[PDB]
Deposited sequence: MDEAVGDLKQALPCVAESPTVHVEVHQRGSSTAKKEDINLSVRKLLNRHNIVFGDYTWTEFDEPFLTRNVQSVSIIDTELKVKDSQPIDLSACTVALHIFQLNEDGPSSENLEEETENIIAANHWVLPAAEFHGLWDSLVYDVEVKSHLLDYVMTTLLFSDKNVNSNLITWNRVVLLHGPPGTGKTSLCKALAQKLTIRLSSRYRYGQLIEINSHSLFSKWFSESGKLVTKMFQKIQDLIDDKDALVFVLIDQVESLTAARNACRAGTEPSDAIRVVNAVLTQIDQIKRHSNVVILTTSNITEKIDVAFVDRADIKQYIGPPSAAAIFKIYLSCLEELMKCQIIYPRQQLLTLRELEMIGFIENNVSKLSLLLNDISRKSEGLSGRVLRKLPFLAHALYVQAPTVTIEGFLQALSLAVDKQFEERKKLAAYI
């Protein structure tokens, strides 16, 4: 039963990966026992070369797969943003996206099997696969982030097959096309690279419809690059119910992404409050309980539970908000209702509650 361990090698490190592979395995044998991350090590070679060793889904002998990676520090071809993968900009993006249904797992597995099928030359006339992915759902769901985070994950997890990755994010809002796709082809010519091309909000092309010619040229250019073994095409759409030309039939991986449920919201807020405690904007630090812990005490209210119960109740009246709004509310909370360097978590929860109420007042104003 395989167990994945992501090893973040320092940018300033010049050690061979084989040496890091040997150290990290020796460390894992020391401890020998859920998801856990190391940021400090007794051993100096690890201190010197590794920023984190993180175990991702209590046991010892499993088949253990390490993925050692080194963030490419400098970020960005216009109209296109370009990142070498793994990119320092996308570090932690994956974990920042909380979904209900374990969408991220399936999404990774689908594209994994797609790349495996590409790589072994499975006749697509006999088993259905292709290099196009469509994330659709309402705005603010994390679709674009999830594409970038998926590209990063795939690159980190397929280091054995590809030495590095590439992400080109075409901005829907925009001859010159042929120059930008010349650039992308030159990246693809390096078969050590796994190249991702991301077309944000594809519905914008059929909505923005000279504009006829610009669209048909991008289609023919996409059709040209999806012919290559090391290409994945990522697309998103904010109109989920509407069929679309022509990425709908274009995509053997379609995936709905919807707004967070009250459970997901709770985990989302927890990740925000943890960060504020880490940075000590919330002080002093208090323990917060998970929903599972609350459920184990029957949601009795006491000193351990009171504030976590209050957060749970804030999560419930946040239902309806998108994740974009949700990760923005702690900033609004702090800016509108604290406006001081430091606040107890009692005071912040109460600030966040007001902010939430303020969102729906604005919503109701947009209605009338």
Numbered from 1 on the deposited sequence, the unmodelled stretches are 1-18, 52-53, 78-88, 108-118, 217-226, 262-271, 431-432
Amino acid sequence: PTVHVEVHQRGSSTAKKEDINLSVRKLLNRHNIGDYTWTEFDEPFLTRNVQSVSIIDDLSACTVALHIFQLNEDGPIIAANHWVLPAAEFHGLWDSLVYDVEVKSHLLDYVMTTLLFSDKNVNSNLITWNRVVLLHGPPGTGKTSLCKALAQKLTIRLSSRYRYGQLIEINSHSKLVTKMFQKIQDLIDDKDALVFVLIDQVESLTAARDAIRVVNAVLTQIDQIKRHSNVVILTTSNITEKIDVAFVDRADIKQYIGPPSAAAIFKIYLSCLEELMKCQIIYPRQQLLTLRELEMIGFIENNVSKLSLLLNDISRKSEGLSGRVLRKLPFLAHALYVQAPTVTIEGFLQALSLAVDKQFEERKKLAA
From here on, numbers count along this sequence of modelled residues.
Stretch with higher mean Cα temperature factor, 266-274 vs 194-202, is 194-202
With B-factors read from the PDB entry, the higher C-alpha mean of 233-241 and 81-89 is in 233-241
From the entry's CA B-factor values, the highest among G75, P138, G165, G142 is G75
Highest CA B factor of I314, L329, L46, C62, as deposited, is found at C62
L28: CA B-factor among chain residues, third -> highest
Tertile call for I257 (CA temperature factor, within chain, third-based) is the middle
On the chain's distribution of Cα B-factors, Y36 falls within the third called highest
Binned into thirds over the chain's modelled residues, the C-alpha B-factor of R285 lands in the middle
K153: C-alpha B-factor third of its chain, per the entry, is the lowest
